[PDB]
Amino acid sequence: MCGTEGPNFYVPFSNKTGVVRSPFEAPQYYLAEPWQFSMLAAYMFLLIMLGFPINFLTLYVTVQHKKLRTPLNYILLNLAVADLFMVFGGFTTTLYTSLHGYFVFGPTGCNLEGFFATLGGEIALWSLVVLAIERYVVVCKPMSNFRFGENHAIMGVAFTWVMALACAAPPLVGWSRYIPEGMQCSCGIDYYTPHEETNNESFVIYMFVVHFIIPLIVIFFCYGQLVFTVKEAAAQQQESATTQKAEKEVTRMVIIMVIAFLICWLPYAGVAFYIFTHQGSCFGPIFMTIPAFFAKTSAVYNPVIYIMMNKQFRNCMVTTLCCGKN
Ligand SMILES: *C/C=C(C)/C=C\C=C(C)\C=C\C1=C(C)CCCC1(C)C
Ligand SMILES: *[C@@H]1O[C@H](CO)[C@@H](O)[C@H](O)[C@H]1NC(C)=O
């Protein structure tokens, strides 16, 4: 063999030895070293012990603090919730699994895991588009001034959850399916079987075009455009350089949250994709394990970039923790 096609799983390990068990019945210790399986669980623990407060803290600095009612404060408060859903939904279940070297919870567990991660990535990807749009509408202003009401922010934040669920939910109902990846301690969209009863190949190419391409294409159109008013339509469009200061600061962060995304997220699809097309070309259980567990930091770093490149915020953040003020 290459790997071992099951009813609800696929493995990158030869059943020519017979040795292949199922990731819903007993240990996959036969995949790497039972020292290595601990490494997942160890990694997962820090990310659980990291995301919880650094995402809890921001989801509260804001709910508490007043002045913090700007369109960015919302989206970074939208990741603030999205991330804790990864952690208490995905991560707890994903970790607990790696100690066992296989899912104990049945596929009924590999749903949360896969789901609540797909989910978090998609709220991230979309929270960027609405962030990108915002920057376009704000920096190189189009026409007049229905300039964002706290309203338009809602319509945006609610926007992400919608779009982001139009990707994660379907595989859950059986437009696709959450299935164990790599070392079988992470679950992600069935790129493996051609399995027919879920029209697999459709959903997978669905999920790319509209939850990858398009999302990016919008992002990218706005990307460059974020260098037009940082110059001449600023030297000409007379905006007090007190605003070409705080606003040219928001643009850096956003720009960096993008890079951040593509640094973190791109390697996963590097494989996810390769798999889909070179389906059944032999490969190991570390091929898709690294990108998965790595890209899984998506539930940690955005609130931090935020403490690191947003001064007003950071100062409320210390006000909170230090009681009264700094
Ligand atoms: C650790 C396990 C995870 C993150 C499980 C599943 C992830 C996906 C199905 C990824 C979806 C995608 C995202 C979130 C962003 C880039 C496009 C994508 C389809 C690879
Ligand atoms: C092949 O793998 C299957 C399914 O995991 C398993 O049930 C079977 O015992 C293995 N092969 C043999 C020859 O028994």
# chains A, B, ... in the order shown; residues from 1 in each chain; ligands from 1
>>> residues_near_ligand(ligand="ligand 1", cutoff="7 Å", atoms="only C-alpha atoms and all ligand atoms", output="PyMOL selection string")
chain A and resi 113-115+117-122+125+186-189+207-208+211-212+265-266+268-269+272+292-293+295-296
>>> write_last_selection(atoms="C-alpha atoms", output="PDB file, in the first residue's frame")
ATOM      1  CA  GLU A 113     -11.744  19.778  16.449  1.00  0.00           C
ATOM      2  CA  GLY A 114     -11.842  20.255  12.710  1.00  0.00           C
ATOM      3  CA  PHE A 115     -14.904  22.438  12.817  1.00  0.00           C
ATOM      4  CA  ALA A 117     -10.612  25.581  13.590  1.00  0.00           C
ATOM      5  CA  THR A 118     -11.874  25.821  10.081  1.00  0.00           C
ATOM      6  CA  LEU A 119     -14.227  28.186  11.769  1.00  0.00           C
ATOM      7  CA  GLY A 120     -11.565  30.313  13.445  1.00  0.00           C
ATOM      8  CA  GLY A 121      -9.471  30.535  10.309  1.00  0.00           C
ATOM      9  CA  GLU A 122     -12.469  31.727   8.312  1.00  0.00           C
ATOM     10  CA  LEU A 125      -9.725  35.481   6.812  1.00  0.00           C
ATOM     11  CA  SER A 186      -6.064  17.074  13.956  1.00  0.00           C
ATOM     12  CA  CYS A 187      -9.189  16.951  11.812  1.00  0.00           C
ATOM     13  CA  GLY A 188      -9.614  18.934   8.610  1.00  0.00           C
ATOM     14  CA  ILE A 189     -11.800  18.844   5.486  1.00  0.00           C
ATOM     15  CA  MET A 207     -14.230  26.113  -0.075  1.00  0.00           C
ATOM     16  CA  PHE A 208     -11.198  27.283  -2.006  1.00  0.00           C
ATOM     17  CA  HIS A 211     -13.128  30.960   1.199  1.00  0.00           C
ATOM     18  CA  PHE A 212      -9.611  31.473  -0.151  1.00  0.00           C
ATOM     19  CA  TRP A 265      -2.105  29.855   7.127  1.00  0.00           C
ATOM     20  CA  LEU A 266      -0.493  29.394   3.705  1.00  0.00           C
ATOM     21  CA  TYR A 268      -1.487  24.334   5.539  1.00  0.00           C
ATOM     22  CA  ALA A 269      -3.101  24.750   2.171  1.00  0.00           C
ATOM     23  CA  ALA A 272      -4.125  20.344   1.775  1.00  0.00           C
ATOM     24  CA  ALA A 292      -1.787  21.879  10.801  1.00  0.00           C
ATOM     25  CA  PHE A 293      -0.487  22.209  14.332  1.00  0.00           C
ATOM     26  CA  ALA A 295      -1.103  27.147  11.531  1.00  0.00           C
ATOM     27  CA  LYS A 296      -3.108  26.465  14.698  1.00  0.00           C
TER      28      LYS A 296
END
>>> residues_near_ligand(ligand="ligand 2", cutoff="8 Å", atoms="only C-alpha atoms and all ligand atoms", output="PyMOL selection string")
chain A and resi 4-6+15-22
>>> closest_atom_pairs(of="region 72-111 of chain A", to="region 238-258 of chain A", cutoff="12 Å", atoms="only C-alpha atoms", output="JSON lines")
{"residue": "A:72", "atom": "CA", "partner": "A:250", "partner_atom": "CA", "distance": 8.4}
{"residue": "A:73", "atom": "CA", "partner": "A:250", "partner_atom": "CA", "distance": 10.9}
{"residue": "A:75", "atom": "CA", "partner": "A:254", "partner_atom": "CA", "distance": 11.0}
{"residue": "A:76", "atom": "CA", "partner": "A:254", "partner_atom": "CA", "distance": 10.6}
{"residue": "A:79", "atom": "CA", "partner": "A:257", "partner_atom": "CA", "distance": 11.8}
>>> write_last_selection(atoms="N, CA and C atoms", output="short mmCIF file (atom, residue, chain, number, x, y, z; two decimals), in the first residue's frame")
data_model
loop_
_atom_site.label_atom_id
_atom_site.label_comp_id
_atom_site.auth_asym_id
_atom_site.auth_seq_id
_atom_site.Cartn_x
_atom_site.Cartn_y
_atom_site.Cartn_z
N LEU A 72 -12.03 48.88 14.30
CA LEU A 72 -10.91 47.95 14.49
C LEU A 72 -11.02 47.27 15.83
N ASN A 73 -11.50 48.03 16.81
CA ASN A 73 -11.71 47.54 18.17
C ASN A 73 -12.69 46.37 18.18
N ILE A 75 -13.39 44.29 15.31
CA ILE A 75 -12.86 43.13 14.59
C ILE A 75 -11.83 42.41 15.45
N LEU A 76 -11.00 43.19 16.14
CA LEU A 76 -10.06 42.60 17.09
C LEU A 76 -10.76 42.12 18.35
N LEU A 79 -12.16 38.57 16.68
CA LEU A 79 -11.19 37.51 16.82
C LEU A 79 -11.16 37.10 18.27
#
>>> select_by_dssp(residues="region 89-319 of chain A", states="helix (DSSP H, G or I)", output="NGL selection string")
:A and (89-100 or 110-138 or 150-173 or 200-225 or 232-235 or 243-277 or 289-299 or 302-309 or 311-319)
>>> residues_around(residues="residue 175 (chain A)", least_positions_apart="3", cutoff="12 Å", atoms="only C-alpha atoms", output="PyMOL selection string")
chain A and resi 166-172+178+189-190+195-207
>>> write_last_selection(atoms="C-alpha atoms", output="tab-separated table (two decimals), in the first residue's frame")
chain	number	residue	atom	x	y	z
A	166	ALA	CA	-20.92	28.91	5.03
A	167	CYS	CA	-17.59	27.05	4.96
A	168	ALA	CA	-17.37	25.18	8.29
A	169	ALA	CA	-21.02	24.01	8.65
A	170	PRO	CA	-21.60	22.19	5.29
A	171	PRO	CA	-18.92	19.46	5.86
A	172	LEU	CA	-20.66	18.96	9.18
A	178	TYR	CA	-14.29	16.30	9.12
A	189	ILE	CA	-11.80	18.84	5.49
A	190	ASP	CA	-11.70	15.47	3.64
A	195	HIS	CA	-15.77	9.59	-1.36
A	196	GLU	CA	-18.92	10.19	-3.30
A	197	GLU	CA	-21.87	10.59	-0.81
A	198	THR	CA	-20.61	14.12	0.12
A	199	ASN	CA	-19.70	15.19	-3.40
A	200	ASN	CA	-16.32	15.83	-1.79
A	201	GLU	CA	-14.36	17.34	-4.70
A	202	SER	CA	-17.13	19.93	-5.13
A	203	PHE	CA	-17.17	21.27	-1.56
A	204	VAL	CA	-13.36	21.27	-1.47
A	205	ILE	CA	-13.14	23.36	-4.65
A	206	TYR	CA	-16.12	25.32	-3.28
A	207	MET	CA	-14.23	26.11	-0.08
>>> closest_residue(among="A:185, A:128, A:44, A:26", to="residue 111 (chain A)", atoms="only C-alpha atoms")
A:185
>>> residues_around(residues="residue 67 (chain A)", least_positions_apart="2", cutoff="10 Å", atoms="only C-alpha atoms", output="MDAnalysis selection string")
chainID A and resid 62 64:65 69:70 73 312:313 316
